[PDB]
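This document contains two forms of one protein chain, each encoded as structure tokens and listed individually as structure 1 and structure 2.
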Structure 1
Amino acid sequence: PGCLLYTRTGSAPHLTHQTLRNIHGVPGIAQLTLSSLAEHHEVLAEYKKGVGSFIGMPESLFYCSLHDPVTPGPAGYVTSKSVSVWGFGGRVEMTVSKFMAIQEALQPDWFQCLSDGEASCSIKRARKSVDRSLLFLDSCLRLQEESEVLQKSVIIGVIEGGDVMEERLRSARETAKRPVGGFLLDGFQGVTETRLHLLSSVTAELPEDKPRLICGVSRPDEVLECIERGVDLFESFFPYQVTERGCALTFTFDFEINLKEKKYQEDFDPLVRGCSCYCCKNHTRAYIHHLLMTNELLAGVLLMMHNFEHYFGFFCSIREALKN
């Protein structure tokens, strides 16, 4: 399997470059929400030497995804020649060629193609949706074969269809035949058993030479169910939600606690015993409780370090679990 380092506008949330160097287990590929990279495309259009040197992380590979999974979107707002991106920029009329200019400026290693048909959030309308989602991939493959560094960049395909069985089946079948690097599963936001066996059939319909991705699914038990149903890569927007509400994850990978209860203000133990993050290494849980009481900006950083360390350690554990 695998995970993507969830970055909001270049760097990790509440983490600087030195503090990212403090985190253990950061992947070599970093997710970039394309919505936060609207004006960044202009800056990189007249920066002209890549985004890795721009943000200060050129040694890592990059991935661009259109949807920030913290703000995924409604039951349907996407169009079938454009994808609106939830975040800070890219609503009206984002063409495939606009995406071509964006990926030329960013120069990502991988990039997610566009999509339509969010109704899973009947037959013939899903046929139209799937045909348009193939029109996107055809346009991307036509406009990708031109430039050499863009020829070094890799298309990732999108599977659509909705809750319908046969239409998403034929979406997988007729989207597989294109010469594409990888695949995405879309419209699977929470979870029901209907989408579960739809996933089970559709990932069985796709060839086994390509990676599978998904959006809007990061809670660990749905991660385990999608791993056993056929998804390779996941986003990491769940520990951001854990830290945003002021909680800290506690489940042993190898659930969570709200520190605003008064019972932990005497303990000298860290949040997780034996945790190798910075917060558990030096600080105590009483101080985290204390600074959450006064609502300052430091416990967000310490907790955010702890949640990333725990959550990427969970991904390390599930990579090693299927390895054995």
Structure 2
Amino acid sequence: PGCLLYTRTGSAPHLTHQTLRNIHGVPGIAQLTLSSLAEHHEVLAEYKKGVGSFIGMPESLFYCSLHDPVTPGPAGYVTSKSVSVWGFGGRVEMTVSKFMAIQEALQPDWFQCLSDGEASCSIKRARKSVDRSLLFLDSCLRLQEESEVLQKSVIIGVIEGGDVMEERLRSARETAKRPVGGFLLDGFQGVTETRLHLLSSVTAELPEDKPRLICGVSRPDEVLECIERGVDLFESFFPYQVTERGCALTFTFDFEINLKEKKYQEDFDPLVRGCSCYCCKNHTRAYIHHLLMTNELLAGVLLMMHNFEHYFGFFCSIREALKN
């Protein structure tokens, strides 16, 4: 398995270049949301040396994800001619040609194919979705080879088969024929027992030579059960949600608490008691409590850094446990 560093316009949200570099456990791959790279598309249409130099970090690998994990899916908006990526760009009829132009301007290492199948959020519609998604993947594969510079990029496949698990199996079977560099699961945005069973059935057929991607799943329990099913790569929008509403993570891997209460003004210990995390060394929880009462941005920065460090450490620990 693995993890993708959640990036808000190159860097982490509420994180600058130096502050992000100060974060430990940073993976070598940065997940750029295609939902927030439209104005960047017009800017990079003539920048002509990639987005890695544009953001200042050219040495890292880039993944162009469509759905922002914070806002990953409705009851249904995604079709197989455009994808209403929830974010900061790419809403106005982002057709196949628009996707090609955006990925030519950005030049991502791996670019994600457009999703489909909003049923998981019975047979006839499922079969239509399967055939349409296969046609879209074929069109993207055909258009990817038309540009020599674009040929360095990698397509990521998608699996969508309506409601009936048999049609999802047939979608996975027929999509796995194409030589895609990855696989995606849509409609499992978080998950329940029925969706868990559908995910297990879908993943029971996909070949192991390509990675598996899921969207909308970041909670520790949902992530754990999806890994148990066989999903490899995950998103990291949970710390952003926890920090946005003035809350600090508390679950130990080796929920959230709201600090807007008067009970934390007497404790001199940090948010974590005697551990080796960043919060155990930066300040004390009374400082964050005061800064939250005064509504100071430095509290947000510290909470964001601590949440990201804890989440990345959790992913590193689970990956080490699974590998060993």
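We call the rigid core the largest set of C-alpha positions that still match within 1.5 Å between the two forms. Shifts are known only where both forms have a C-alpha. Structure 1 provides the reference sequence; residues are numbered from 1 along it.
Please name the single residue among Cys280, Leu44, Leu292, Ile55 whose Cα shifts by at least 2 Å between structure 1 and structure 2 after core superposition.
Between the two forms, the residue that moves is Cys280.
Is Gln241 among the residues whose Cα moves by 2 Å or more between structure 1 and structure 2 after superposition of the rigid core?
No; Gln241 is a residue whose C-alpha shifts by less than 2 Å between structure 1 and structure 2 when the cores are overlaid.
Fitting the rigid core first, would the Cα of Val149 be found 2 Å or more away between structure 1 and structure 2?
Passes the 2 Å threshold, so yes.
When the rigid core is overlaid, by how much has the CA of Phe88 moved between structure 1 and structure 2, in Å to one decimal?
Rounded to one decimal, the shift is 2.0 Å.
How many angstrom apart are the two C-alpha positions of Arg8 between structure 1 and structure 2, if you fit on the rigid core?
So the C-alpha of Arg8 has moved 1.6 Å between structure 1 and structure 2.
Core superposed first, then measure: what is the displacement of the CA of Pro108 between structure 1 and structure 2, in Å?
Between its two positions, the C-alpha of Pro108 lies 0.8 Å apart after core fitting.
Determine the segments between structure 1 and structure 2 made of three or more consecutive residues whose Cα atoms all move at least 2 Å, using the rigid core for the superposition and only residues common to both forms.
After superposition, residues 146 to 149, 273 to 280 shift as runs.
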